[PDB]
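Chemist: Need coordinates for the below:
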Amino acid sequence: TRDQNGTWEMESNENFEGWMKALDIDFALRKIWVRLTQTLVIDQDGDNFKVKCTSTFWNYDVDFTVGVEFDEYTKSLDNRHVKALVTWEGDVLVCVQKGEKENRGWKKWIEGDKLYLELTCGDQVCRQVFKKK
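Modeler: Residues are numbered from 1 along each chain as shown. See the structure here:
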């Protein structure tokens, strides 16, 4: 489905370390962040999304409109300027973050009460699975 609204609690995280290292996150932050629980709260109304990512450590809000490019400065992550664009490919939400790193972005799929998130950077993919609370 296209409807991603909900509070989503992480159940599995595969290769998060490799994706962080591909973004050049400092080693000591990687070791703290690598096995943190994550909750994603998604508020979706038409094209407008408000996504809140929370863990006991860093705590992000990003807001976007599907089909509208936006500047992002990833101040709490690798501290880069990207031009981000979120679109639908059928029922799959696709984000491309254009900038220094190649193949940088993410894709979200919803099956049932499961949200699948694939984060990419370079040759690394991180696969996360969330359950709807």
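Chemist: okay, the strand or helix carrying residue 94 in CSV with CA atoms only?
Modeler: With the criterion set as DSSP states H and E, the secondary-structure element containing residue 94 is strand 92-98. What follows is the C-alpha trace of strand 92-98 in CSV, where atoms were taken according to Å, rounded to 0.1, in the frame of the first residue of the first chain:
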residue,chain,number,x,y,z
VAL,A,92,7.3,1.9,-3.3
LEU,A,93,8.4,5.2,-1.9
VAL,A,94,11.8,6.2,-3.3
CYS,A,95,14.2,8.8,-2.1
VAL,A,96,17.3,9.8,-4.1
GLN,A,97,19.8,12.1,-2.3
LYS,A,98,22.0,13.7,-5.1
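Chemist: quick one: the helices in the chain?
Modeler: Taking DSSP state H to define them, one finds helices in the chain at 16-22, 27-33.
Chemist: Please name whichever of the ones you listed is nearest to residue 97.
Modeler: Taking CB to CB as the criterion, helix 16-22 is the member of the helices of the chain that comes nearest to residue 97, at 12.5 Å. Backbone N, C-alpha and C define where each C-beta goes, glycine included.
Chemist: just to revisit the earlier point, neighbouring strands - and their directions - for the strand holding residue 94?
Modeler: Pairing partners of strand 92-98, with direction, according to DSSP bridges: strand 81-89 (antiparallel), strand 105-111 (antiparallel).
Chemist: Please tabulate those strands in JSON lines, including the columns distance to residue 97 and mean neighbour count.
Modeler: Listed next are these as JSON lines, based on distance: least, CB to CB, whole Å; neighbours: other CB atoms under 10 Å:
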{"stretch": "strand 81-89", "distance to residue 97": "4", "mean neighbour count": "15"}
{"stretch": "strand 105-111", "distance to residue 97": "5", "mean neighbour count": "17"}
